[PDB]
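Structure first, then comments.
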DNA sequence: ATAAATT
DNA sequence: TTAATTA
């Protein structure tokens with residue numbers, strides 16, 4: 059039904075780790091959530107599940123990862139994210155970078171170049187800009203930075219209570 | 059003053075154990091010779107050295123490897139060779155495959171393709187066919203293939219006196 | 059929509075403190091300018107962007123910095139600058155020394171000539187005089203010195219005001 | 059009377075820990091030698107001193123530095139070394155690499171670019187080839203190859219006893 | 001007194 | 001369903 063938590067993730071690299079450390083912990087504070095695993099590849103956009111999700115979902119939490127440049131499906135997802143955000147700024151974005159530098163989002167260099175260069179031999183000549191623009195417009199909004207060294211856990215604590223706050227009082 | 063034996067090489071992966079032996083070993087026979095040498099990179103078609111010696115040659119003996127596709131340069135050198143050979147079939151080739159089998163290296167598959175596709179999308183959208191139809195003609199003429207074990211000494215000898223026969227006595 | 063204010067500066071030496079800071083302050087004051095960041099290396103100095111702007115340009119503002127010598131394209135940039143200054147002196151130049159001393163740059167002394175000691179056996183042994191004539195020409199026009207103490211605050215504020223006043227009340 | 063084992067060295071960059079140490083130890087065997095420090099600088103051709111010693115001595119021992127090529131004065135000296143060598147192979151060589159490996163000397167390549175690269179800017183395109191051709195030929199004969207950690211003192215001994223043997227026998 | 005391709 | 005630097 060109506061819930062306020064839509065997510066995202068990399069594929070094999072971190073989806074399982076995040077489900078183990080954040081998703082449950084969230085469920086322990088009484089908030090219905092959402093996500094899934096399937097890869098389709100029989101087309102590009104699943105209808106009233108992907109779309110019911112983005113539509114009714116409220117405050118997004120896109121855990122960008124150090125591989126978040128390979129999945130065309132993931133690239134088109136965060137897109138519609140930033141799109142249906144820019145309509146009525148009462149729903150808010152909460153980015154949480156991971157391992158990969160927050161210096162590599164305001165211009166896409168470093169670990170992404172081999173990804174895009176081969177990704178650019180394939181798809182459109184235009185829409186790729188409406189993706190690049192969105193991946194631009196996160197590296198400014200606020201951001202828990204969790205490096206590879208700081209305690210990769212109880213930051214879960216610090217990060218849940220907040221998502222509670224923006225709901226309890228309003 | 060004019061030599062009688064051309065050559066060709068990849069670069070930083072057989073400028074040591076094999077080739078150099080063959081050069082010195084050959085000089086040890088009074089068969090005045092030539093080879094590739096300069097770390098030049100200069101030009102995309104240099105004339106008054108190669109393009110003098112090539113049509114000054116008499117016997118061709120390239121030495122493929124497992125990365126012989128990377129060449130933006132030696133590749134067309136091989137091309138120039140196989141072409142000009144077609145003019146006067148009074149001079150022959152005698153290539154000796156190296157480490158990689160003479161199968162996956164006659165149809166641009168195996169660990170050889172991904173280098174060619176990197177050097178296929180790069181330039182003249184027609185010339186790639188010219189390079190492939192150049193590499194193809196080689197992998198038929200007989201040749202003392204070398205593997206991991208065949209002692210790198212004996213093969214040198216057996217390639218010597220042979221190279222001699224088609225020069226001294228015909 | 060035409061571009062009215064030009065710049066030129068060594069790259070990795072004020073890509074992270076001033077040049078940006080200045081451009082941002084400017085665009086928050088209503089003035090359509092242009093700079094860029096493409097290293098080219100596909101010729102000498104192209105047309106459809108730099109030659110477009112410079113000829114259609116107006117108010118010149120370049121910025122010397124302690125790397126302002128190895129500018130194989132950018133020194134040329136200054137050349138074109140000073141020669142497209144040679145037609146109607148109704149467009150001026152307000153260069154601002156930065157960190158580098160004000161008068162040591164009139165003869166390339168101090169820590170400057172060591173660029174030249176090797177920068178004479180590479181490019182043309184004659185046009186160097188037409189480069190040095192220009193790099194001499196700046197050391198004269200009245201404006202703002204900046205050391206390491208005059209903090210990069212106010213300088214922004216004033217260096218805006220002049221540029222605007224040469225547009226509003228003429 | 060006359061010198062017996064003529065030396066050479068880098069300029070200042072190794073006038074402490076090694077060279078000297080070697081010189082004293084050598085002299086403690088009773089084998090008359092040479093070494094001088096005079097800087098000339100009154101030109102470039104020094105005559106009746108080493109130019110008498112080079113055609114007067116016997117068995118050599120040129121050492122290389124981390125930057126021997128940069129020194130024009132020592133370079134030209136090793137030149138005449140190899141040249142008064144070439145006329146007869148009765149007198150030997152006996153090099154000793156040091157602060158550089160024979161991985162970058164049979165090539166004048168590697169850290170030598172800083173040297174030759176602007177050592178030539180003034181000098182002709184022929185003499186450079188002559189010198190370089192001389193520096194090449196040391197890269198062959200035998201090498202103690204004193205390295206970064208090997209104790210230098212243990213090699214002074216193992217480099218004296220030899221020169222001794224090549225004098226008694 | 002200390003940069004180089006697209007080897 | 002993988003990749004070069006003379007700002």
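Residue numbers (PDB author numbering), protein chains in the order written: chain E, 59 to 228; chain F, 59 to 228; chain B, 59 to 228; chain D, 59 to 227.
Cβ atoms here follow ideal geometry from the backbone N, Cα and C, with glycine treated the same way.
Mapping the DSSP letters down to three states, classify residue i as helix, strand or coil.
i	result
residue 118 of chain E	strand
residue 204 of chain B	coil
residue 112 of chain B	helix
residue 64 of chain E	strand
residue 151 of chain F	strand
residue 59 of chain F	coil
residue 128 of chain F	coil
residue 180 of chain B	coil
residue 76 of chain B	coil
residue 188 of chain D	helix
residue 209 of chain F	coil
residue 81 of chain F	helix
residue 161 of chain D	coil
residue 123 of chain B	coil
residue 139 of chain F	helix
residue 169 of chain D	coil
residue 104 of chain E	coil
What separation, rounded to the nearest whole angstrom, lies between the Cα atoms of residue i and residue j?
i	j	result
residue 58 of chain E	residue 187 of chain E	Outside the displayed range of chain E (59 to 228) lies residue 58 of chain E, so it cannot be described from this structure.
residue 201 of chain D	residue 209 of chain E	55 Å
residue 105 of chain B	residue 91 of chain B	18 Å
residue 111 of chain D	residue 89 of chain D	15 Å
residue 100 of chain E	residue 211 of chain B	57 Å
residue 77 of chain D	residue 95 of chain D	12 Å
residue 171 of chain F	residue 137 of chain F	18 Å
residue 103 of chain D	residue 145 of chain D	21 Å
residue 219 of chain D	residue 141 of chain D	27 Å
residue 180 of chain F	residue 181 of chain D	43 Å
residue 75 of chain D	residue 169 of chain E	48 Å
residue 183 of chain F	residue 176 of chain F	13 Å
residue 228 of chain B	residue 116 of chain B	14 Å
residue 85 of chain F	residue 85 of chain D	47 Å
Are the CB atoms of residue j and residue i within a distance shorter than 8 Å?
i	j	result
residue 151 of chain E	residue 217 of chain E	no
residue 68 of chain E	residue 118 of chain E	no
residue 66 of chain B	residue 135 of chain B	yes
residue 73 of chain F	residue 81 of chain F	no
residue 204 of chain B	residue 156 of chain B	yes
residue 63 of chain B	residue 122 of chain B	no
residue 139 of chain E	residue 120 of chain E	yes
residue 164 of chain F	residue 194 of chain F	yes
residue 60 of chain F	residue 143 of chain F	no
residue 128 of chain E	residue 173 of chain E	yes
residue 83 of chain E	residue 178 of chain E	no
residue 133 of chain D	residue 189 of chain D	yes
Would you call residue i buried or exposed, if buried means 16 or more other Cβ atoms sit within 10 Å of its Cβ?
i	result
residue 79 of chain D	exposed
residue 70 of chain F	exposed
residue 161 of chain D	exposed
residue 185 of chain B	exposed
residue 131 of chain D	exposed
residue 192 of chain D	buried
residue 124 of chain D	exposed
residue 87 of chain B	exposed
residue 199 of chain E	exposed
residue 108 of chain B	buried
residue 166 of chain F	buried
On the DSSP bridge list, what partners appear for residue i?
i	result
residue 156 of chain F	F/204
residue 89 of chain F	Beta-bridge pairing links residue 89 of chain F to no other residue.
If you measure from the CB of residue i, is any heavy atom of the ligand GTP nearer than 7 Å?
i	result
residue 95 of chain F	Because no ligand of any kind appears in the structure shown, any question about the ligand GTP cannot be addressed here.
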